[PDB]
Every structure is written in C-alpha cells, then in structure tokens.
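Trainee: Take a look at this one; I'll ask things after.
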Amino acid sequence: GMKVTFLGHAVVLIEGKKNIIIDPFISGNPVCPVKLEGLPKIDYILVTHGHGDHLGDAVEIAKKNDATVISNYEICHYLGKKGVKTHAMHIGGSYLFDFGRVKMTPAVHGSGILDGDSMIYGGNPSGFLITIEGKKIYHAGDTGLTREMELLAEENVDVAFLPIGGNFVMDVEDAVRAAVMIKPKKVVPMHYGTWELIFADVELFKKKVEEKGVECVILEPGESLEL
Amino acid sequence: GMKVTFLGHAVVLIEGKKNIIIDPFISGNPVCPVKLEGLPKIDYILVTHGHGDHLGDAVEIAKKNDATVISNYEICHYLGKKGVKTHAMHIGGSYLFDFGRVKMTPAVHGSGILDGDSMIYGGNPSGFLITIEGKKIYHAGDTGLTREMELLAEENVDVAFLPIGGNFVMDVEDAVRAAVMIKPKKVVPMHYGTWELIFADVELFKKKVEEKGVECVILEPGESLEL
Amino acid sequence: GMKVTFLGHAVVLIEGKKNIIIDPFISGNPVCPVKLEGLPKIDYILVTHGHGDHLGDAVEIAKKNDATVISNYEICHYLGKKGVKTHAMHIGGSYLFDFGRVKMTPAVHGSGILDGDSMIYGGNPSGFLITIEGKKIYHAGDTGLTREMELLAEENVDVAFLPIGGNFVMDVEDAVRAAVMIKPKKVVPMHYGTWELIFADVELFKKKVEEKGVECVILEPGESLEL
Ligand code: NI
Ligand code: NI
Ligand code: NI
Ligand code: NI
Ligand code: NI
Ligand code: NI
C-alpha cells in the first residue's frame with residue numbers, strides 16, 4: 001500500500017515503493033511540522049506552479065536526494081539551469097513512471113517564479129492526478145473553481161486535496177462546489193490557516209461537503225492516511 | 001446605492017461608499033471622455049490583466065490618491081516595485097473589503113506587461129465579480145468565450161460588462177453566447193470602437209442579445225446607470 | 001478548393017487562394033519530409049504557442065516570403081522586435097482575412113519562448129479555427145483535454161487536427177474524448193512519433209475514435225487531403 005502525509009499548506013508526502021513529495025514548501029512554512037532533514041529519502045518532486053510557497057525547497061531537496069522534479073516545461077527549464085534533474089510535462093499530459101502514472105490537470109491560477117527581484121515565467125499552473133496501484137490521488141494545486149474539474153468525475157478519485165483558504169484560491173463555498181464536480185471518495189482541505197489572509201472555517205467545509213455525500217478528512221499538518 | 005459609469009473602452013468607474021475604478025486606461029484613450037484630473041477621489045483600482053490599455057494609468061492614479069490596486073500576484077509584484085500599494089489575489093479567489101466583496105474570475109486571454117521593450121509576465125488574465133450592497137457587477141475584462149462563464153449563471157449578476165470588439169476579444173456573436181451563458185439582468189457592451197481594428201456593430205449586438213432575452217444597455221463613454 | 005498537407009509533428013500547410021502554414025517546425029524536425037526550400041510561397045504563418053517545436057522557423061520563413069505571422073499579442077511582440085510582419089490577436093478573437101476567417105481557440109498548455117537561455121513570456125497557448133470558402137479546419141495546437149473544446153461542436157468542423165503523443169499533450173484516450181466533444185466530420189492525429197517520449201498507438205486512436213462515430217484519417221508526413 002502507501003502512506004499519504006499532509007505536511008501543511010499545499011504540501012503532500014506520498015510514501016510507497018517510491019517516495020513522492022508535492023509542492024515542498026518546508027523551510028519558511030510556518031505550519032510545516034518538519035525540517036528538510038525530517039523528510040525521508042525523496043525519489044520524485046511534483047511542482048504544481050512557480051509560486052514560492054509551492055516550488056519551495058525543490059532545488060535543495062532534489063540535489064540532496066538526487067531526485068527528479070516533475071513539472072511543466074517552463075518550470076523544468078528554470079530548474080534545469082540550477083542543475084536539477086527534471087521530467088518535463090504539460091497541462092493534460094500524462095506519463096507512466098516506475099511507481100505509477102502522473103497526469104498534470106488544468107488549474108485557474110498563475111505561475112510566476114520570483115527569482116530575486118525578477119518575476120520569471122513559469123508556464124501555466126496545474127494540479128496532479130496520481131495513479132498508484134489502482135489508487136488515485138488528486139492534488140488541485142493552487143486553483144480557483146473551474147469547469148475542467150468536472151472531467152475528473154469519471155476518474156473516481158480516492159483522495160482529493162483541495163485549497164479552501166480563499167483570496168489566492170477557492171474559499172470554503174467554492175471548494176464545496178469543486179468537491180461536487182469531482183466526487184472523490186474522500187476530500188482533504190489544504191492551503192488554509194498558514195497566514196491570516198487565508199484563514200478558513202475548516203469545520204464548516206467538512207460539514208457542508210459531507211452534506212453532499214463526500215467524506216471529509218481534516219488532516220492537521222503531520223497527520224496521514226492510508227490507501 | 002451606487003453610480004456605475006462607463007468611461008468607454010474597458011474603462012469603468014463605480015461610485016458608492018468607496019470609489020472603485022476598473023482597468024483605468026485614461027490618458028492615451030481616444031474614446032475616454034475624462035482626463036485623470038476629471039476622476040474623483042479613487043480608493044481602489046482593479047486591474048484585469050497586464051496589457052497597457054487596461055493596466056493604463058494605475059500607477060499614477062494609485063500614488064496620487066493613496067489608493068490600493070487589487071490584481072493578481074504577478075501584476076501586484078510589478079506594481080509594488082513602482083511604489084504602489086497592492087492587495088494581491090488570484091483567479092477564482094475572493095476577499096471581503098470594506099466596500100464589499102471582490103472575486104477574480106477566470107478569463108481566456110493574455111497578461112503581458114510591456115515595460116520599455118520587455119514583455120514582463122503578469123500572471124493570468126481575469127475578470128471581476130464585485131458584490132456591493134447585495135448588487136453584483138461582472139466585468140469580464142478582456143476575454144474570449146469560455147465555459148467558465150457558466151459558473152456565473154447562479155450568481156444572478158445585475159450588470160455584466162462584456163467585450164464585443166473582436167480580434168483581441170469576443171466579437172458580437174460570441175458575446176451574445178457569453179451573455180446567454182451568464183444570463184445577467186443587464187448586459188453592457190464594451191471594448192469596441194476605440195480603434196478601427198476593434199470596430200463592432202453594437203446595435204446588432206443589442207438586437208441579437210435582446211432576442212435571446214437579455215436586456216442590453218448601450219452606454220456611451222461618460223454615460224452611467226444606477227444600482 | 002484547397003489542399004491540406006500534414007508535414008509532421010504539429011505542422012500543417014494549407015494551399016488555396018493564399019498559402020498558410022501552421023506551426024512551421026521544419027528545420028530540426030526529424031519527421032518533417034521537407035526542407036525550408038521545399039515550401040511554396042507562404043503568405044501567412046499561424047503560431048499556436050511559443051514553444052520551439054511550434055514557433056519553429058517562423059522568423060526565417062516570414063522574412064524570406066514577406067509573410068505575416070498571425071499569433072497572440074505577446075508572441076507577435078517578440079517577432080516584431082526581429083523585424084517580422086505580424087497581425088496580433090488573442091484567445092477567442094477572430095478576424096476576416098482576404099483568404100478567410102481565422103479564430104484563436106482556447107488551449108490548456110504553456111507558451112514559453114526560449115531565447116538563448118531565457119524563457120520569454122509568450123502569452124497563453126491557443127488552437128486555430130480557420131474558415132475558408134465555407135470549410136472549417138481546427139488545429140488544436142498543443143493542448144490537454146479541456147471543456148472549451150465543446151464550444152466547437154456547433155461549428156460542424158470539417159477537419160480537426162488533434163495531438164495524441166501524450167506527456168506534453170493529450171494521449172490517445174483523451175484525444176478520443178476531445179474528438180467526441182468537437183464532433184468534427186474528420187479527425188487527423190498529430191504531434192506524436194516525433195521522438196520516443198511522445199510515441200503513440202495511432203492505429204488504436206483510429207479504431208477507438210471511429211467506434212465513437214468520428215471518421216479518422218491517418219496522414220503520414222507529406223500526405224494530404226482535399227477540402
Ligand atoms: Ni499558494
Ligand atoms: Ni499560488
Ligand atoms: Ni484590451
Ligand atoms: Ni488585452
Ligand atoms: Ni509541442
Ligand atoms: Ni508545446
């Protein structure tokens with residue numbers, strides 16, 4: 001099987017036959033319970049978009065672990081110049097890796113890479129649909145509500161990670177609509193509570209989304225579930 | 001109560017408990033009836049995307065009024081470096097300000113910021129759904145027809161500003177389709193006639209859109225309506 | 001009438017009253033049967049997005065032929081600084097040229113322009129809907145599956161070029177879903193086989209898409225069809 005750990009914000013660690021981390025915003029993440037040294041051996045890094053609180057410590061983690069970063073073409077070009085190993089994809093594209101299948105999904109957001117003083121173009125933002133041993137995980141990344149999420153309903157997602165913080169992403173209300181579009185077996189709220197600007201009523205989300213027949217698992221940073 | 005004035009092209013002004021201007025392309029706008037001096041006290045500035053005919057005089061207006069620019073993260077970064085006060089958001093995110101709620105809506109467009117001879121990355125383009133005193137205003141920004149507009153149907157928008165100029169945006173035919181998808185109480189056409197390249201038959205738009213059951217108010221630049 | 005020639009990868013040549021080429025990745029394209037010299041007189045060049053394997057030889061072809069490049073505002077700005085004639089548009093915008101109508105369609109992808117070692121921002125990616133003498137050609141460009149494709153169903157497209165290579169774009173299974181959304185009279189697969197990373201079972205695509213009631217025409221690079 002596999003162990004899926006939420007480490008705060010948009011961060012998600014997947015431990016199976018290979019170890020995969022999504023949007024590794026670790027150092028500088030005020031709600032992340034672990035340091036970089038607290039992570040296990042990392043094989044793959046998934047980056048949804050270029051923003052600092054998602055790209056995060058991908059360069060350091062990749063180099064330390066000899067890990068491969070999976071992201072869009074533009075983000076992978078940026079990382080390639082830093083001496084990071086990459087497997088470039090793009091939106092709606094999928095590839096079968098040794099551990100399983102990764103598919104980039106559409107998102108409505110931005111993908112600017114802040115490099116010192118300059119905003120570098122990091123392609124278009126995404127989510128990830130990950131298929132491991134028949135099980136399906138959806139990490140929406142940063143996104144607003146979008147009708148492209150309806151395309152995921154036929155996938156029969158087991159666990160969906162959705163942002164609920166609002167302002168930069170979907171709020172509670174729109175996240176509930178997203179859950180109804182996607183119809184995952186379980187939903188985990190994320191990308192909230194990190195700062196005051198993205199405070200969200202997570203208990204209200206659980207209540208509202210479970211009224212729509214979708215099980216909601218509120219994971220505190222550090223907590224995990226099994227698939 | 002509030003007064004909503006179309007200044008022609010993409011330009012819009014909302015006067016209520018606070019004054020809000022959307023896409024302030026004033027100086028250099030051949031169809032704009034006012035100078036910068038003609039504008040009242042501005043509290044907030046909304047920028048849909050980075051193109052010059054929408055970004056416009058955001059910097060000058062912001063500084064002279066001590067106003068806050070509301071836009072996406074990448075645009076707010078660019079403006080921040082020029083000494084402008086900002087409230088960063090992104091696509092599908094909303095925030096409750098003192099005057100009311102602003103929500104960024106997805107749009108199909110570009111968002112290049114022309115600085116000198118360089119094309120700076122300005123995130124992804126957007127529209128704005130503005131909720132003030134129970135009234136809803138939709139400013140589509142620059143956009144082509146998109147299925148995301150159907151998400152606004154349940155909002156029961158009071159006034160929708162849609163581009164009809166074509167070429168850079170929806171033409172008359174697609175704007176009619178957008179109006180039917182959104183089904184607002186009123187539609188106001190915009191972003192046409194400024195140059196010959198974006199000539200549109202605005203009277204034909206009114207006829208066609210009203211045949212589909214959506215009232216069209218053709219506002220000349222300078223003309224307003226009351227909410 | 002007109003002759004439509006697939007020249008491998010995303011490349012498509014349309015020969016009629018005027019000569020139009022889409023995404024002219026000629027030199028450095030190992031599956032393209034022709035050299036640049038092998039192209040006829042080119043009147044217009046269509047560029048879906050900034051990636052090198054689509055932008056291709058647009059600059060050189062344009063200069064040699066005194067041709068006009070049709071692409072989004074940001075791409076046309078880049079090309080403009082290299083002394084290329086351009087007609088700028090954007091997503092969902094259309095314009096009536098002497099040969100016929102061109103409309104930019106939404107795509108879910110990126111649009112980075114690689115200039116030396118810098119990733120220049122090239123707007124948002126697109127497809128093209130081209131109307132010539134009542135005939136409609138859809139070139140999807142690089143894209144994942146998107147609900148925006150359903151907007152094209154009412155057009156009754158005659159020929160639709162869809163990528164099936166996977167990884168960077170739709171794979172076989174998603175391209176079939178796209179074909180069903182669009183319901184063209186004919187579908188031609190493309191953007192596969194060029195490298196090992198984008199290998200695709202083109203015969204399986206034909207079989208599966210024709211089961212859904214859409215005729216599939218497999219064109220090897222160099223082959224053509226009449227409209
Ligand atoms: Ni974020
Ligand atoms: Ni973000
Ligand atoms: Ni514009
Ligand atoms: Ni624009
Ligand atoms: Ni490509
Ligand atoms: Ni591409």
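As shown in the structure tokens, the chain order sets the letters A, B, ...; within each chain, residues go from 1, and ligands are also counted from 1 in the order they appear.
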If we count only C-alpha atoms and set the cut-off at 6 Å, which residues sit around stretch 109-125 of chain C, ignoring sequence neighbours fewer than 5 positions away in its own chain? Please answer as a ChimeraX atom specification.
Mentor: /A:91,121,123-124 /B:110,121 /C:48-51,74-75,143
Trainee: Contacts of residue A:146 at 9 Å or less, counting only C-alpha atoms, minus same-chain residues fewer than 2 places along, as a list in words?
Mentor: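 The filter keeps residues 106, 107, 108, 143, 144, 148, 149, 150 and 178 of chain A; 92, 106, 147, 148 and 151 of chain B.
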Trainee: Which chains and residue numbers are within 7 Å of ligand 3, counting only C-alpha atoms and all ligand atoms, if I want them as a list in words?
Mentor: residues 51, 53, 54, 142, 168 and 191 of chain B
Trainee: Quick one: residues within 12 Å of residue A:216, only C-alpha atoms, excluding same-chain residues fewer than 4 positions away - as a list in words?
Mentor: residues 158, 159, 160, 161, 162, 175, 176, 179, 183, 184, 185, 186, 187, 188, 189, 190, 202, 203, 204, 205, 206, 207, 208, 209, 210, 211 and 212 of chain A
Trainee: Could you write out the selected residues, including N, CA, C and O atoms, as a compact mmCIF listing (two decimals), in the first residue's frame?
Mentor:
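result-v1.txt, written as the output of this step:
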```txt
# COMPACT_ATOMS: atom_id res chain seq x y z
N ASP A 158 -9.87 8.69 -5.26
CA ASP A 158 -9.98 8.16 -3.90
C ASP A 158 -9.79 9.27 -2.86
O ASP A 158 -10.57 9.37 -1.91
N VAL A 159 -8.76 10.07 -3.05
CA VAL A 159 -8.49 11.22 -2.18
C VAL A 159 -8.19 12.47 -3.00
O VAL A 159 -7.32 12.46 -3.86
N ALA A 160 -8.91 13.55 -2.71
CA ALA A 160 -8.71 14.83 -3.36
C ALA A 160 -8.26 15.87 -2.34
O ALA A 160 -8.93 16.09 -1.34
N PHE A 161 -7.11 16.50 -2.61
CA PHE A 161 -6.64 17.62 -1.81
C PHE A 161 -7.07 18.92 -2.48
O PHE A 161 -6.67 19.20 -3.61
N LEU A 162 -7.90 19.71 -1.78
CA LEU A 162 -8.44 20.95 -2.33
C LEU A 162 -8.09 22.16 -1.46
O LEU A 162 -8.20 22.08 -0.24
N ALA A 175 -14.87 25.53 -2.85
CA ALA A 175 -14.25 24.22 -2.64
C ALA A 175 -15.31 23.12 -2.52
O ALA A 175 -15.10 22.00 -2.97
N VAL A 176 -16.44 23.45 -1.90
CA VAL A 176 -17.57 22.52 -1.82
C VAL A 176 -18.12 22.23 -3.21
O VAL A 176 -18.40 21.08 -3.54
N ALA A 179 -15.77 19.93 -4.97
CA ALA A 179 -15.93 18.56 -4.47
C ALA A 179 -17.11 17.84 -5.12
O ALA A 179 -17.04 16.64 -5.39
N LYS A 183 -16.39 14.65 -7.15
CA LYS A 183 -16.92 13.48 -6.45
C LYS A 183 -15.84 12.48 -6.05
O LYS A 183 -15.87 11.32 -6.47
N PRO A 184 -14.87 12.92 -5.24
CA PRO A 184 -13.88 11.98 -4.74
C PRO A 184 -14.49 11.17 -3.61
O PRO A 184 -15.47 11.60 -2.99
N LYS A 185 -13.92 10.00 -3.33
CA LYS A 185 -14.36 9.21 -2.19
C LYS A 185 -14.07 9.96 -0.89
O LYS A 185 -14.89 9.95 0.03
N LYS A 186 -12.92 10.61 -0.83
CA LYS A 186 -12.55 11.46 0.30
C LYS A 186 -11.95 12.78 -0.16
O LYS A 186 -11.29 12.85 -1.19
N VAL A 187 -12.18 13.83 0.63
CA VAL A 187 -11.58 15.14 0.38
C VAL A 187 -10.80 15.60 1.60
O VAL A 187 -11.25 15.46 2.74
N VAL A 188 -9.60 16.14 1.36
CA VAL A 188 -8.78 16.73 2.41
C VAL A 188 -8.59 18.21 2.10
O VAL A 188 -8.08 18.56 1.04
N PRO A 189 -9.00 19.10 3.03
CA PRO A 189 -8.79 20.52 2.81
C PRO A 189 -7.34 20.92 3.05
O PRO A 189 -6.66 20.31 3.87
N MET A 190 -6.88 21.92 2.31
CA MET A 190 -5.49 22.36 2.41
C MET A 190 -5.38 23.83 2.02
O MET A 190 -6.38 24.48 1.70
N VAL A 202 -12.60 25.61 8.52
CA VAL A 202 -12.41 24.23 8.06
C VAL A 202 -13.51 23.28 8.56
O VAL A 202 -13.87 22.33 7.87
N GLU A 203 -14.04 23.55 9.75
CA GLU A 203 -15.13 22.75 10.31
C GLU A 203 -16.41 22.94 9.49
O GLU A 203 -17.19 22.00 9.32
N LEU A 204 -16.63 24.16 9.00
CA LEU A 204 -17.77 24.44 8.14
C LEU A 204 -17.66 23.70 6.80
O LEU A 204 -18.65 23.16 6.31
N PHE A 205 -16.45 23.69 6.23
CA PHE A 205 -16.18 22.94 5.00
C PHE A 205 -16.56 21.47 5.14
O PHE A 205 -17.29 20.93 4.31
N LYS A 206 -16.06 20.84 6.20
CA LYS A 206 -16.35 19.44 6.50
C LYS A 206 -17.86 19.19 6.56
O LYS A 206 -18.37 18.27 5.93
N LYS A 207 -18.55 20.02 7.34
CA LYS A 207 -19.99 19.93 7.47
C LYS A 207 -20.70 20.03 6.12
O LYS A 207 -21.49 19.16 5.76
N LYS A 208 -20.40 21.10 5.38
CA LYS A 208 -21.04 21.37 4.09
C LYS A 208 -20.74 20.31 3.03
O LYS A 208 -21.63 19.92 2.28
N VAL A 209 -19.49 19.86 2.96
CA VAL A 209 -19.08 18.88 1.94
C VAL A 209 -19.61 17.47 2.25
O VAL A 209 -19.88 16.70 1.34
N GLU A 210 -19.75 17.14 3.54
CA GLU A 210 -20.31 15.85 3.94
C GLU A 210 -21.83 15.80 3.77
O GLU A 210 -22.40 14.71 3.64
N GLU A 211 -22.48 16.96 3.75
CA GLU A 211 -23.90 17.05 3.36
C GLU A 211 -24.10 16.66 1.89
O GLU A 211 -25.17 16.19 1.51
N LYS A 212 -23.06 16.86 1.08
CA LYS A 212 -23.05 16.43 -0.33
C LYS A 212 -22.54 14.99 -0.53
O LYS A 212 -22.24 14.59 -1.66
```
Trainee: Using DSSP on the backbone coordinates, identify the residues of stretch 45-139 of chain B assigned to strand (DSSP E); present them as a ChimeraX atom specification.
Mentor: /B:45-46,68-72,85-89,94-96,101-106,112-115,118-121,126-132,135-139
Trainee: Can you work out the spacing between atom CA of residue C:87 and atom CA of residue C:70 in Å, to one decimal?
Mentor: 5.0 Å
Trainee: I'd like to know which of A:136, A:9, A:90, A:103 is closest to chain C, using only C-alpha atoms.
Mentor: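 Nearest to chain C: A:90.
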